[PDB]
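What follows is entry02.csv (CSV, N, CA and C atoms).
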```csv
chain,number,residue,atom,x,y,z
A,1,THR,N,10.1,182.8,128.2
A,1,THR,CA,8.9,183.7,128.1
A,1,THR,C,8.9,184.5,126.8
A,2,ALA,N,10.0,184.9,126.3
A,2,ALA,CA,10.1,185.6,125.0
A,2,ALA,C,9.7,184.6,123.9
A,3,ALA,N,10.2,183.3,124.0
A,3,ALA,CA,9.9,182.4,123.0
A,3,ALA,C,8.4,182.0,123.0
A,4,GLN,N,7.8,181.8,124.2
A,4,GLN,CA,6.4,181.6,124.2
A,4,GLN,C,5.5,182.8,123.7
A,5,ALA,N,6.0,184.0,124.1
A,5,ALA,CA,5.3,185.2,123.6
A,5,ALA,C,5.3,185.3,122.1
A,6,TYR,N,6.5,185.0,121.5
A,6,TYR,CA,6.7,185.0,120.1
A,6,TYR,C,5.7,184.0,119.4
A,7,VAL,N,5.7,182.8,120.0
A,7,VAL,CA,4.8,181.8,119.4
A,7,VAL,C,3.3,182.2,119.4
A,8,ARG,N,2.9,182.8,120.5
A,8,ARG,CA,1.5,183.2,120.6
A,8,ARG,C,1.2,184.4,119.7
A,9,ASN,N,2.2,185.3,119.6
A,9,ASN,CA,2.1,186.4,118.7
A,9,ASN,C,2.0,186.0,117.2
A,10,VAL,N,2.8,185.0,116.9
A,10,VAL,CA,2.8,184.4,115.5
A,10,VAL,C,1.4,183.8,115.3
A,11,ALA,N,0.9,183.1,116.2
A,11,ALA,CA,-0.5,182.6,116.1
A,11,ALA,C,-1.6,183.6,115.9
A,12,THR,N,-1.5,184.7,116.6
A,12,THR,CA,-2.4,185.9,116.4
A,12,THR,C,-2.2,186.4,114.9
A,13,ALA,N,-1.0,186.6,114.5
A,13,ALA,CA,-0.7,187.0,113.1
A,13,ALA,C,-1.2,186.1,112.0
A,14,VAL,N,-1.1,184.8,112.2
A,14,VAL,CA,-1.6,183.8,111.2
A,14,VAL,C,-3.2,183.9,111.2
A,15,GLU,N,-3.8,184.0,112.4
A,15,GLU,CA,-5.2,184.1,112.5
A,15,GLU,C,-5.8,185.3,111.7
A,16,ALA,N,-5.0,186.4,111.8
A,16,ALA,CA,-5.3,187.7,111.2
A,16,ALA,C,-5.2,187.6,109.7
A,17,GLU,N,-4.6,186.6,109.1
A,17,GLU,CA,-4.5,186.3,107.7
A,17,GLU,C,-5.6,185.4,107.1
A,18,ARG,N,-6.5,184.9,108.0
A,18,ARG,CA,-7.6,184.1,107.6
A,18,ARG,C,-8.5,184.9,106.6
A,19,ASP,N,-8.9,184.3,105.5
A,19,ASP,CA,-9.7,184.9,104.5
A,19,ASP,C,-11.0,185.4,105.1
A,20,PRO,N,-11.3,186.7,104.9
A,20,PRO,CA,-12.5,187.2,105.6
A,20,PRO,C,-13.8,186.7,105.0
A,21,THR,N,-13.8,186.2,103.8
A,21,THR,CA,-15.0,185.7,103.1
A,21,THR,C,-15.2,184.2,103.3
A,22,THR,N,-14.2,183.4,103.1
A,22,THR,CA,-14.3,182.0,103.2
A,22,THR,C,-13.8,181.4,104.6
A,23,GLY,N,-13.1,182.2,105.4
A,23,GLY,CA,-12.4,181.6,106.6
A,23,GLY,C,-11.3,180.7,106.4
A,24,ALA,N,-10.8,180.7,105.1
A,24,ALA,CA,-9.7,179.8,104.8
A,24,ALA,C,-8.4,180.3,105.3
A,25,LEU,N,-7.4,179.5,105.8
A,25,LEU,CA,-6.1,179.9,106.2
A,25,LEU,C,-5.2,180.3,105.1
A,26,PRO,N,-4.2,181.1,105.3
A,26,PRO,CA,-3.2,181.4,104.3
A,26,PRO,C,-2.5,180.1,103.9
A,27,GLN,N,-1.7,180.2,102.8
A,27,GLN,CA,-0.9,179.0,102.4
A,27,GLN,C,0.1,178.6,103.4
A,28,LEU,N,0.1,177.4,103.8
A,28,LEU,CA,1.0,176.8,104.8
A,28,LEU,C,1.5,175.5,104.3
A,29,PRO,N,2.7,175.1,104.8
A,29,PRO,CA,3.5,175.7,105.9
A,29,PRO,C,4.4,176.9,105.6
A,30,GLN,N,4.8,177.6,106.6
A,30,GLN,CA,5.7,178.8,106.4
A,30,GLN,C,6.5,179.0,107.6
A,31,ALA,N,7.7,179.6,107.4
A,31,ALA,CA,8.5,180.1,108.5
A,31,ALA,C,7.7,181.1,109.3
A,32,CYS,N,7.9,181.1,110.7
A,32,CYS,CA,7.2,182.0,111.5
A,32,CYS,C,7.5,183.5,111.1
A,33,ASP,N,8.7,183.7,110.6
A,33,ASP,CA,9.1,185.1,110.3
A,33,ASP,C,8.3,185.6,109.1
A,34,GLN,N,7.5,184.8,108.5
A,34,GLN,CA,6.6,185.3,107.4
A,34,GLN,C,5.3,185.9,108.1
A,35,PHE,N,5.2,185.8,109.4
A,35,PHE,CA,4.1,186.3,110.1
A,35,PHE,C,4.5,187.4,111.1
A,36,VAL,N,5.6,187.1,111.9
A,36,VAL,CA,6.2,188.1,112.8
A,36,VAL,C,7.7,188.0,112.7
A,37,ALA,N,8.3,189.2,112.3
A,37,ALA,CA,9.7,189.3,112.2
A,37,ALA,C,10.5,189.3,113.5
A,38,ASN,N,11.8,189.0,113.4
A,38,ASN,CA,12.7,189.0,114.6
A,38,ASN,C,12.4,188.1,115.7
A,39,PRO,N,12.5,186.8,115.5
A,39,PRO,CA,12.3,185.9,116.6
A,39,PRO,C,13.4,186.1,117.7
A,40,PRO,N,13.0,185.8,119.0
A,40,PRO,CA,14.0,186.0,120.0
A,40,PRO,C,15.2,185.0,119.9
A,41,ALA,N,16.3,185.4,120.5
A,41,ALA,CA,17.5,184.6,120.4
A,41,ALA,C,17.4,183.1,120.9
A,42,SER,N,16.4,182.9,121.8
A,42,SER,CA,16.1,181.5,122.3
A,42,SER,C,15.5,180.6,121.2
A,43,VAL,N,14.9,181.2,120.2
A,43,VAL,CA,14.2,180.5,119.1
A,43,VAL,C,15.2,180.1,118.0
A,44,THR,N,15.4,178.8,117.8
A,44,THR,CA,16.3,178.3,116.8
A,44,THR,C,15.7,178.3,115.4
A,45,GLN,N,14.4,177.8,115.4
A,45,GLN,CA,13.7,177.5,114.1
A,45,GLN,C,12.3,177.6,114.5
A,46,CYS,N,11.4,178.1,113.7
A,46,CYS,CA,10.0,178.2,114.0
A,46,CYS,C,9.2,178.1,112.8
A,47,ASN,N,8.1,177.2,112.8
A,47,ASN,CA,7.3,177.1,111.7
A,47,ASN,C,5.8,177.0,112.0
A,48,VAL,N,5.0,177.3,111.0
A,48,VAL,CA,3.5,177.2,111.2
A,48,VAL,C,3.1,176.2,110.2
A,49,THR,N,2.3,175.2,110.7
A,49,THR,CA,1.8,174.1,109.8
A,49,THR,C,0.3,174.1,109.9
A,50,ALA,N,-0.4,173.6,108.8
A,50,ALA,CA,-1.8,173.5,108.8
A,50,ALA,C,-2.2,172.1,109.5
A,51,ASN,N,-3.2,172.2,110.3
A,51,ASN,CA,-3.8,171.0,111.0
A,51,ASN,C,-4.6,170.2,109.9
A,52,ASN,N,-4.8,168.9,110.1
A,52,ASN,CA,-5.5,168.1,109.2
A,52,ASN,C,-7.0,168.6,109.0
A,53,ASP,N,-7.6,169.3,110.0
A,53,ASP,CA,-9.0,169.7,109.9
A,53,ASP,C,-9.2,170.7,108.9
A,54,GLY,N,-8.1,171.3,108.3
A,54,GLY,CA,-8.3,172.3,107.3
A,54,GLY,C,-8.8,173.7,107.8
A,55,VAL,N,-8.9,173.8,109.1
A,55,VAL,CA,-9.3,175.1,109.7
A,55,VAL,C,-8.3,175.7,110.7
A,56,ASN,N,-7.6,174.9,111.4
A,56,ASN,CA,-6.7,175.3,112.5
A,56,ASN,C,-5.3,175.1,112.1
A,57,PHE,N,-4.3,175.6,112.9
A,57,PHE,CA,-2.9,175.5,112.6
A,57,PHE,C,-2.1,175.3,113.9
A,58,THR,N,-0.9,175.0,113.7
A,58,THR,CA,0.0,174.8,114.9
A,58,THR,C,1.3,175.6,114.6
A,59,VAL,N,1.7,176.3,115.6
A,59,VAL,CA,3.0,177.1,115.5
A,59,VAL,C,4.0,176.4,116.4
A,60,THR,N,5.1,176.1,115.9
A,60,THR,CA,6.1,175.4,116.7
A,60,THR,C,7.5,176.0,116.6
A,61,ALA,N,8.1,176.2,117.8
A,61,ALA,CA,9.4,176.8,117.9
A,61,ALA,C,10.4,175.9,118.6
A,62,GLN,N,11.5,175.6,118.0
A,62,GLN,CA,12.5,174.8,118.6
A,62,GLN,C,13.4,175.8,119.3
A,63,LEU,N,13.8,175.5,120.6
A,63,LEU,CA,14.6,176.3,121.4
A,63,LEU,C,16.1,175.9,121.4
A,64,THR,N,17.0,176.8,121.3
A,64,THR,CA,18.4,176.7,121.8
A,64,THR,C,19.0,178.1,121.5
A,65,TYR,N,14.3,173.1,128.1
A,65,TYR,CA,13.5,172.2,127.3
A,65,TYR,C,13.6,172.5,125.8
A,66,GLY,N,13.0,171.7,125.0
A,66,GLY,CA,13.3,171.6,123.6
A,66,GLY,C,12.5,172.5,122.6
A,67,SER,N,11.2,172.5,122.8
A,67,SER,CA,10.3,173.3,121.9
A,67,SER,C,9.0,173.7,122.6
A,68,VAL,N,8.4,174.7,122.0
A,68,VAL,CA,7.1,175.1,122.5
A,68,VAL,C,6.2,175.3,121.3
A,69,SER,N,5.0,174.9,121.5
A,69,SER,CA,3.9,174.8,120.4
A,69,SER,C,2.7,175.5,120.8
A,70,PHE,N,1.9,176.0,119.8
A,70,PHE,CA,0.6,176.5,120.1
A,70,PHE,C,-0.3,176.0,119.1
A,71,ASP,N,-1.4,175.4,119.5
A,71,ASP,CA,-2.4,174.7,118.5
A,71,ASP,C,-3.7,175.4,118.6
A,72,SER,N,-4.0,176.1,117.4
A,72,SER,CA,-5.2,177.0,117.5
A,72,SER,C,-6.5,176.2,117.7
A,73,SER,N,-6.4,174.9,117.5
A,73,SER,CA,-7.6,174.1,117.6
A,73,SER,C,-8.0,173.9,119.1
A,74,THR,N,-7.0,174.0,120.0
A,74,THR,CA,-7.2,174.0,121.4
A,74,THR,C,-7.0,175.3,122.2
A,75,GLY,N,-6.2,176.2,121.5
A,75,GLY,CA,-6.0,177.5,122.0
A,75,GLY,C,-5.0,177.3,123.2
A,76,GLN,N,-4.3,176.2,123.2
A,76,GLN,CA,-3.3,175.9,124.2
A,76,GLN,C,-1.9,175.8,123.8
A,77,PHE,N,-0.9,176.2,124.6
A,77,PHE,CA,0.5,175.9,124.5
A,77,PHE,C,0.8,174.5,124.9
A,78,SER,N,1.8,173.9,124.3
A,78,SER,CA,2.4,172.6,124.7
A,78,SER,C,3.9,172.7,124.7
A,79,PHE,N,4.5,172.1,125.7
A,79,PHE,CA,6.0,172.3,125.8
A,79,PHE,C,6.5,170.9,125.8
A,80,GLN,N,7.6,170.7,125.0
A,80,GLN,CA,8.3,169.4,124.9
A,80,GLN,C,9.6,169.4,125.4
A,81,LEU,N,9.9,168.4,126.3
A,81,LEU,CA,11.2,168.3,127.0
A,81,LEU,C,11.7,166.9,126.8
```
Structure rendered as structure tokens:
Amino acid sequence: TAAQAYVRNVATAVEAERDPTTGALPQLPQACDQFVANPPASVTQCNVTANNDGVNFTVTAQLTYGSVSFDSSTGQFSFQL
């Protein structure tokens, strides 16, 4: 639950960096800690990547199930096991 919360909060923080004039995303990819400091102990590695549509992004955290993702293009979490 901490890891999922962190992922969603990173996604909020990335969305908050969208250019207010053009709607363009910040420069990606980046470590999640460039958006939200102090990931939980359950998160091993976390990154944010730009989706091919040039508008949306995906936040992915590897845990040590395997990883949890959030895709702004769907507004949904995905979990990989």
- [ ] Report as a list in words: the residues of chain A with a DSSP assignment of strand (DSSP E), based on the backbone of this structure.
- [x]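 Answer for chain A, restricted to strand (DSSP E): residues 30, 31, 43, 44, 45, 46, 47, 48, 49, 50, 57, 58, 59, 60, 61, 62, 63, 67, 68, 69, 70, 71, 76, 77, 78, 79 and 80 of chain A.
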Open item on the list: Report as an MDAnalysis selection string all protein, DNA and RNA residues lying within 6.5 Å of region 4-12 of chain A, evaluated on only N, CA and C atoms, omitting residues in the same chain fewer than 6 positions from it.
Closed with: chainID A and resid 32 35:36 40 59 70
Task: Test item, alpha helix (DSSP H) assignment across chain A, answer as number ranges by chain - done: A: 2-15
Write a file of the selected residues as a compact mmCIF listing (two decimals), in the coordinates of the input, keeping N, CA and C atoms.
```txt
# COMPACT_ATOMS: atom_id res chain seq x y z
N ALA A 2 10.00 184.90 126.30
CA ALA A 2 10.10 185.60 125.00
C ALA A 2 9.70 184.60 123.90
N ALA A 3 10.20 183.30 124.00
CA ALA A 3 9.90 182.40 123.00
C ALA A 3 8.40 182.00 123.00
N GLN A 4 7.80 181.80 124.20
CA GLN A 4 6.40 181.60 124.20
C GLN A 4 5.50 182.80 123.70
N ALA A 5 6.00 184.00 124.10
CA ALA A 5 5.30 185.20 123.60
C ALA A 5 5.30 185.30 122.10
N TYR A 6 6.50 185.00 121.50
CA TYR A 6 6.70 185.00 120.10
C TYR A 6 5.70 184.00 119.40
N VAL A 7 5.70 182.80 120.00
CA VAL A 7 4.80 181.80 119.40
C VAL A 7 3.30 182.20 119.40
N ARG A 8 2.90 182.80 120.50
CA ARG A 8 1.50 183.20 120.60
C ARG A 8 1.20 184.40 119.70
N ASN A 9 2.20 185.30 119.60
CA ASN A 9 2.10 186.40 118.70
C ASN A 9 2.00 186.00 117.20
N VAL A 10 2.80 185.00 116.90
CA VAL A 10 2.80 184.40 115.50
C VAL A 10 1.40 183.80 115.30
N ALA A 11 0.90 183.10 116.20
CA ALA A 11 -0.50 182.60 116.10
C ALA A 11 -1.60 183.60 115.90
N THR A 12 -1.50 184.70 116.60
CA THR A 12 -2.40 185.90 116.40
C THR A 12 -2.20 186.40 114.90
N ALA A 13 -1.00 186.60 114.50
CA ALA A 13 -0.70 187.00 113.10
C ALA A 13 -1.20 186.10 112.00
N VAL A 14 -1.10 184.80 112.20
CA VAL A 14 -1.60 183.80 111.20
C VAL A 14 -3.20 183.90 111.20
N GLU A 15 -3.80 184.00 112.40
CA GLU A 15 -5.20 184.10 112.50
C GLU A 15 -5.80 185.30 111.70
```
TODO: With a distance cut-off of 7 Å and only N, CA and C atoms, select the neighbouring residues of residue 63 (chain A), excluding the residue or stretch itself and same-chain residues fewer than 6 positions from it, and output the selection as a list in words.
DONE: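 So, after excluding close chain neighbours, the residues are residues 42, 43, 44 and 45 of chain A.
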- [ ] Between A:64, A:72, A:2, A:16, single out the one closest to residue 39 (chain A), counting only C-alpha atoms.
- [x] A:2
Task: Atom-to-atom span, CA of residue 76 (chain A) and CA of residue 51 (chain A), Å - done: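 If I compute the distance from CA of residue 76 (chain A) to CA of residue 51 (chain A), I get 14.1 Å.
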Open item on the list: Given only N, CA and C atoms as the basis, pick out the residue of A:3, A:78, A:14, A:25 nearest to residue 55 (chain A).
Closed with: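 That would be A:25, the residue with the smallest distance to residue 55 (chain A).
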- [ ] Anything within 6 Å of (4.0, 183.1, 106.1): list those residues as a VMD selection string, counting only C-alpha atoms and sticking to the file's coordinates.
- [x] chain A and resid 30 to 31 34 to 35
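The shortest atom-to-atom distance to residue 53 (chain A), with only C-alpha atoms taken into account, belongs to A:73 out of A:27, A:73, A:38, A:22.
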Task: Gap from atom C of residue 62 (chain A) to CA of residue 13 (chain A) - Å, one decimal - done: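 Computed distance, atom C of residue 62 (chain A) to CA of residue 13 (chain A), equals 19.0 Å.
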Task: Given only C-alpha atoms as the counted atoms, nearest of A:56, A:74, A:80, A:69 to residue 18 (chain A) - done: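 Closest to residue 18 (chain A) of all the choices is A:56.
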TODO: Just give me the gap between atom C of residue 28 (chain A) and atom C of residue 50 (chain A) in Å, one decimal is fine.
DONE: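 Answer for the atom C of residue 28 (chain A) to atom C of residue 50 (chain A) separation: 7.2 Å.
When only C-alpha atoms are used to measure the gap to residue 41 (chain A), the shortest distance among A:61, A:71, A:15, A:21 belongs to A:61.
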Task: Pick from A:81, A:75, A:46, A:54 nearest to residue 24 (chain A), counting only N, CA and C atoms - done: A:54
Provide region 28-43 of chain A rebuilt to N, CA, C and O atoms, formatted as an mmCIF file, in the frame of the given file.
```
data_model
loop_
_atom_site.group_PDB
_atom_site.id
_atom_site.type_symbol
_atom_site.label_atom_id
_atom_site.label_comp_id
_atom_site.auth_asym_id
_atom_site.auth_seq_id
_atom_site.Cartn_x
_atom_site.Cartn_y
_atom_site.Cartn_z
ATOM 1 N N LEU A 28 0.100 177.400 103.800
ATOM 2 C CA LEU A 28 1.000 176.800 104.800
ATOM 3 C C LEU A 28 1.500 175.500 104.300
ATOM 4 O O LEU A 28 0.934 174.890 103.401
ATOM 5 N N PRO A 29 2.700 175.100 104.800
ATOM 6 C CA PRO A 29 3.500 175.700 105.900
ATOM 7 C C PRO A 29 4.400 176.900 105.600
ATOM 8 O O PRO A 29 4.725 177.065 104.387
ATOM 9 N N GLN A 30 4.800 177.600 106.600
ATOM 10 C CA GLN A 30 5.700 178.800 106.400
ATOM 11 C C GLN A 30 6.500 179.000 107.600
ATOM 12 O O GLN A 30 6.151 178.555 108.654
ATOM 13 N N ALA A 31 7.700 179.600 107.400
ATOM 14 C CA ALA A 31 8.500 180.100 108.500
ATOM 15 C C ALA A 31 7.700 181.100 109.300
ATOM 16 O O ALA A 31 6.953 181.891 108.803
ATOM 17 N N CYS A 32 7.900 181.100 110.700
ATOM 18 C CA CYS A 32 7.200 182.000 111.500
ATOM 19 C C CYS A 32 7.500 183.500 111.100
ATOM 20 O O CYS A 32 6.704 184.352 111.470
ATOM 21 N N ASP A 33 8.700 183.700 110.600
ATOM 22 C CA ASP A 33 9.100 185.100 110.300
ATOM 23 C C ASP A 33 8.300 185.600 109.100
ATOM 24 O O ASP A 33 8.463 186.817 108.737
ATOM 25 N N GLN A 34 7.500 184.800 108.500
ATOM 26 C CA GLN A 34 6.600 185.300 107.400
ATOM 27 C C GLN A 34 5.300 185.900 108.100
ATOM 28 O O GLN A 34 4.518 186.574 107.396
ATOM 29 N N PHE A 35 5.200 185.800 109.400
ATOM 30 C CA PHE A 35 4.100 186.300 110.100
ATOM 31 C C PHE A 35 4.500 187.400 111.100
ATOM 32 O O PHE A 35 3.822 188.380 111.309
ATOM 33 N N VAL A 36 5.600 187.100 111.900
ATOM 34 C CA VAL A 36 6.200 188.100 112.800
ATOM 35 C C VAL A 36 7.700 188.000 112.700
ATOM 36 O O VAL A 36 8.373 186.955 112.852
ATOM 37 N N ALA A 37 8.300 189.200 112.300
ATOM 38 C CA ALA A 37 9.700 189.300 112.200
ATOM 39 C C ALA A 37 10.500 189.300 113.500
ATOM 40 O O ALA A 37 9.904 189.446 114.571
ATOM 41 N N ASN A 38 11.800 189.000 113.400
ATOM 42 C CA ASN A 38 12.700 189.000 114.600
ATOM 43 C C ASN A 38 12.400 188.100 115.700
ATOM 44 O O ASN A 38 12.126 188.589 116.848
ATOM 45 N N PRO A 39 12.500 186.800 115.500
ATOM 46 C CA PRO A 39 12.300 185.900 116.600
ATOM 47 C C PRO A 39 13.400 186.100 117.700
ATOM 48 O O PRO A 39 14.469 186.586 117.355
ATOM 49 N N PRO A 40 13.000 185.800 119.000
ATOM 50 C CA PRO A 40 14.000 186.000 120.000
ATOM 51 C C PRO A 40 15.200 185.000 119.900
ATOM 52 O O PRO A 40 15.153 184.004 119.174
ATOM 53 N N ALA A 41 16.300 185.400 120.500
ATOM 54 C CA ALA A 41 17.500 184.600 120.400
ATOM 55 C C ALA A 41 17.400 183.100 120.900
ATOM 56 O O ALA A 41 18.112 182.226 120.397
ATOM 57 N N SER A 42 16.400 182.900 121.800
ATOM 58 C CA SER A 42 16.100 181.500 122.300
ATOM 59 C C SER A 42 15.500 180.600 121.200
ATOM 60 O O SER A 42 15.447 179.405 121.357
ATOM 61 N N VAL A 43 14.900 181.200 120.200
ATOM 62 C CA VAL A 43 14.200 180.500 119.100
ATOM 63 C C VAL A 43 15.200 180.100 118.000
ATOM 64 O O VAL A 43 15.838 181.026 117.446
#
```
